[PDB]
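Asker: how would this look folded up:
(chains A and B, ligands or ions: 2)
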Amino acid sequence: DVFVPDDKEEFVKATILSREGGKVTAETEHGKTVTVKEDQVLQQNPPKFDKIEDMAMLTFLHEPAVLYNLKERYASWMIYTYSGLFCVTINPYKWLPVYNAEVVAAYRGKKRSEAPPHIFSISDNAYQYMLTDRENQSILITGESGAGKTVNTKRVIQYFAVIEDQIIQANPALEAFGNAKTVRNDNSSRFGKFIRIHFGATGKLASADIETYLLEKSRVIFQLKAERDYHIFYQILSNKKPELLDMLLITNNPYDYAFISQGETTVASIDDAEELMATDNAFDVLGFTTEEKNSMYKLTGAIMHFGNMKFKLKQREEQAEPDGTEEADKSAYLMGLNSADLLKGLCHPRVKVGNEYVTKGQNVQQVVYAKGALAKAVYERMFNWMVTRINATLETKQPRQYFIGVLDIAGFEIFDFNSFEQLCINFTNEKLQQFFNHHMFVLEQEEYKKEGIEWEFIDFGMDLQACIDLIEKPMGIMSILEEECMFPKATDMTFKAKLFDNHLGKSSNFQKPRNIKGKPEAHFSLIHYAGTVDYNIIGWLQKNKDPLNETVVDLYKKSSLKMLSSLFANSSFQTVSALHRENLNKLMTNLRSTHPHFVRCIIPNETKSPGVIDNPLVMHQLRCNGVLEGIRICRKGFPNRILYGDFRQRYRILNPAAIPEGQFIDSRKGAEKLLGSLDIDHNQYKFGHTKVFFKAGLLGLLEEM
Amino acid sequence: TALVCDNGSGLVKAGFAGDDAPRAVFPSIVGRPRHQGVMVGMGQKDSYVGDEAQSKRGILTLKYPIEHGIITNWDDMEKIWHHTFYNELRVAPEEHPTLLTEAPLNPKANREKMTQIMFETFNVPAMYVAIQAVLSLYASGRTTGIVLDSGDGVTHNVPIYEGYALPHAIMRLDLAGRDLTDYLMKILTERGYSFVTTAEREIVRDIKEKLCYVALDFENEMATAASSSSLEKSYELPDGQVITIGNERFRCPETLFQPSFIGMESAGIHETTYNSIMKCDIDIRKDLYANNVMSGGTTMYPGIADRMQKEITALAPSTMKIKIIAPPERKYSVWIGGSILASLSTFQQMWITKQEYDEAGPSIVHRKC
Ligand SMILES: Nc1ncnc2c1ncn2[C@@H]1O[C@H](COP(=O)(O)OP(=O)(O)O)[C@@H](O)[C@H]1O
Ligand SMILES: [Mg+2]
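Answerer: Numbers count the residues shown, from 1 in each chain, chains lettered A, B, ... in the order given. Ligands and ions are numbered 1, 2, ... in the order given. Now the structure:
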């Protein structure tokens, strides 16, 4: 009973006849009898440790453990499984009595290790914490709709409301401006929408307000050629409901425009052709006047419609004249404001002085950058104002003050041909893991403190800080792009030259890949915990340059109600990096003022066969999600949560005997002679409060015999 | 497919075994900045190599690390090796046998340490330096004759009969290609122009590249261009000026045919090659006169073939046929032959694998070549 590094999965159960010299002879679960390398052969945890709902009690805590245990438990059609603080579900798709009414009011206690693995339990325990500590709680959903999750919190929220349906109604519409098909695992809502439900001191639901975080603002332009833009763009594309297109003056052809033509616009798997009816219907019944209703279309179209703008290089000079008056004019009518002053404010923006003379200066390249910047900003702020309106139709006036918030975030991203966008998203995803590590460290710190003997290494967060500094800390990586766009003559290669000069060897996490087999050549690589990342920095200088031109902003006030309403409410040339860092700090602050808990989602396979595992995928998601990193934390450390009585009970094979279940050396009579049976290292375990943590792994062999 | 990379001082040319054309060729300049850095954040490169360095000579000083077939200031020539392997040809040496090139006899210590430097750091699998002329011979498919490559750093002759490299008549000469440029500096000072610095000194070889044709009966052509203004030619620097070169046009290359101008007291190349002819048997002269092959660079000057034919037929007894082989594949014949030699399967056994070097010590190159 051992584990073998088989070719396909490298973490599957094995069967050793024996092992010799460096080459293990073994009959594998994956296939037939084979010979394999010793060093990566791992050892199976004992039956008493084996098949435990928590993945924190398995002596050889290594990755194979959590792999096979998930494989078996889901093989037996179990879906709820505990993995340290993390909770893991697979949510099969052929109906099972999963939402049975018996459990709905059932798990009203049983903090986390007193009931069968189940997350409604932990959410209800969060309810109890609310009752006791009167302090906010946060749901940490990993994985996106691309991970098959959508059907979980839609039920969990109703569960929490049990001890109302307006919450979902936002989803169908806000998806259209937020779902974006990617290279891998398509059709993912890439925008973060923290969702909170407010309770007063009483506990009856008063309201639930929703605020989005860290929307992907650079998806609007320079999308990858392989991928596709926001769903709404192709919703408007399809001729269905052509009257709104008649309002919007669009020709109904994707490839006409610059922004769209980067996209594929032909995704046979899912198009909004049918969905446009549902999105329009929700977008109406959510309390929208027809004027705002069609105005939303007006702005969304105009954001496309700039894509037709074309400029020429002036003679013997530098600034840009406008070409293509008619499309500028159609846009101008579409937003109402005059065309002539718009093109002029493009060609000669105003910059103030101690008294604001009409200062002037531009270049064609700057203009092509800036107009896109303006489009991106106006779209993002439009989206957030729609969030405000969704709050408006859901407004309340009760005393609501204490909320338990569910946040959905983009999942960890590792695949082919990853530019800036991936770096941003990955940084965001991993900061939350930094938050998790520090949190679990705090709680285990006080708990082990009650049993105080000695802590291994304070602040589990250092493991991530080692790369957090590299990504963000001044003159790190992200800072270099900020500096490089500013510096004159932005050239792509000079960027990487500077990076290699500044953080190679000097930074122990910045290295270079070699011959990435078929995927196009990445330039530089980083060693994250979850996966070494590879990027090519082409187009980065273009991506992050975005000058928020003022004159047009001030020009925007004298038009339709929406645009003035959006842009009236609200500098070192803000570039996506800085805005992004600041907003992420805002988010972590909001989580800094809360308490976490963890709900995960697992995809079985692309073939969508419920009830049956498929190893190629799940291993990647589990490694990416960082549950393996939490298991790494437990494995290298004390965290193996063990009753001292439990250890005295299980250890009777070295206290010569066979009979388990008590009635031999108990808690008070141990750590005296026991390790002297087979000479196990001392001080790896004691009893402070008769709760003992372990350097586990040494406890697997001793119970096999 | 091993590799072939020329050493010659002028243009380090890189390519692949078997291929008929060097994959990348670039001037061997090495550059350093000669002024302080003023616009903070440039991320200055501490040294530059090849055509990248040639691009911005404006603020650069130029060191040629290769003079007279001797590799000096080894640090920068190693820099050139490193730039070649990774940036131009773009493969790690770890998986490619490598062959180099070397003038006839330059010093003893040169190869004996160059093999070490290129064989210990670059960790190449195997290498074998081959003397220039015999390689030039294969390049043209003639296995009998005299080679006059005159690669920019050094000029030399070998007699090779029936594929035997008859040593003792090897007649080296340091009338290098660069020194024609350097003399042209002094001759161009007279027409009133001035080219003091190093960058302009690099330009002038370019201006030499087009406007130097060697002419028969030097005295008569000289008086001819003196009396008549027929050939008064023009050209422009990347400055805006236009420069008018008179008889210096055909007084440049004739320093080759007589060195009295440059000063060196060693006869012109035609007399040296005739000398090396007359220092062999009385039966090899029958064929040697017939297969005379130019090679290397610095002989793309128009006419030089014909002028050479005239001088030799005047010197040799007027009963032999001196028809000299000057293909226009010159300036690369070194490299073509090198690739062909690397392509020979029987040649595979020759060169030196790492085992021999490690177990024998550095002298293995001299002992086994
Ligand atoms: N247009 C030209 N006409 C005549 N000679 C030239 C021309 N261009 C370059 N050369 C000469 O060719 C020389 C290169 O020869 P060399 O370096 O000795 O051979 P290799 O490049 O094979 O090592 C340069 O020094 C230059 O003087
Ligand atoms: Mg050369």
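Asker: from the stretch 201-350 of chain B, which residue is nearest to ligand 2?
Answerer: residue B:297 (6.2 Å; C-beta to the ion). Backbone N, C-alpha and C define where each C-beta goes, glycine included.
Asker: ok, how many other residues are close to that residue?
Answerer: 19 (other C-beta atoms under 10 Å in any protein chain shown).
Asker: Find the residue closest to the residue of the stretch 151-300 of chain A found nearest ligand 2 in space, skipping its chain neighbours.
Answerer: Per C-beta to the ion, residue A:225 is where the stretch 151-300 of chain A lies closest to ligand 2, at 43.1 Å. Using C-beta to C-beta, 6 or more residues apart in numbering or on different chains and skipping residues adjacent in sequence, the residue nearest residue A:225 is residue A:262, 6.3 Å away.
Asker: isn't that neighbour right next to residue A:223, touching?
Answerer: Yes: with contacts counted by C-beta atoms under 8 Å, residue A:262 reaches residue A:223, the gap being 5.0 Å.
Asker: Show me which of the two is the more surrounded one.
Answerer: Using other C-beta under 10 Å, the more surrounded residue of residue A:262 and residue A:223 is residue A:223, with 21 against 18.
Asker: Now do the same contact list for residue B:270.
Answerer: Residues near residue B:270 by C-beta atoms under 8 Å, 6 or more residues apart in numbering or on different chains: B:257, B:308, B:311-312, B:315.
Asker: ok, which of these also contact chain A?
Answerer: When C-beta under 8 Å from any C-beta of the partner chain is applied, no member of these is adjacent to chain A.
Asker: Export the residues you listed to a markdown table and append columns for neighbour count, distance to residue A:40 and secondary structure.
Answerer: Shown next, in a markdown table, are those (neighbours: other C-beta atoms under 10 Å in any protein chain shown; distance: C-beta to C-beta, whole Å; DSSP: H, G, I helix; E, B strand; the rest coil):
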| residue | neighbour count | distance to residue A:40 | secondary structure |
| --- | --- | --- | --- |
| B:257 | 17 | 74 | helix |
| B:308 | 23 | 71 | helix |
| B:311 | 19 | 76 | helix |
| B:312 | 19 | 75 | helix |
| B:315 | 16 | 78 | helix |
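Asker: re earlier: how many residues are close by the residue of the stretch 151-300 of chain A closest to ligand 2?
Answerer: The number of residues packed near residue A:225 is 10, by other C-beta under 10 Å.
Asker: One more: residue B:362?
Answerer: Using other C-beta under 10 Å: residue B:362 sits among 17 other residues.
Asker: contacting residues around it?
Answerer: Neighbours of residue B:362 in contact, by C-beta under 8 Å, 6+ apart: B:112-113, B:115-116.
Asker: Report the buried members of those.
Answerer: Among the contacts of residue B:362, the ones that count as buried by 16 or more other C-beta atoms under 10 Å in any protein chain shown are B:112, B:115.
Asker: and of the contacts of residue B:362, the nearest to residue A:665?
Answerer: The nearest member of those to residue A:665, counting by C-beta to C-beta, is residue B:116 at 69.6 Å.
Asker: Apart from its chain neighbours, what residue comes closest to that closest one?
Answerer: Computed as C-beta to C-beta, 6+ apart, the closest residue to residue B:116 that is not its neighbour in sequence is residue B:362, at 5.2 Å.
Asker: Quick check: the gap between that neighbour and residue B:110.
Answerer: 12 Å (C-beta to C-beta, to the nearest Å).
Asker: And residue B:228, by the same measure?
Answerer: Remark: distance between residue B:228 and residue B:110 (C-beta to C-beta) = 49 Å.
Asker: higher neighbour count, these two?
Answerer: More crowded of residue B:228 and residue B:110, by other C-beta under 10 Å: residue B:110, with 19 against 9.
Asker: if I've got this straight, the more buried one is in a strand?
Answerer: No: judged by DSSP: H, G, I helix; E, B strand; the rest coil, residue B:110 forms no part of a strand; its state is helix.
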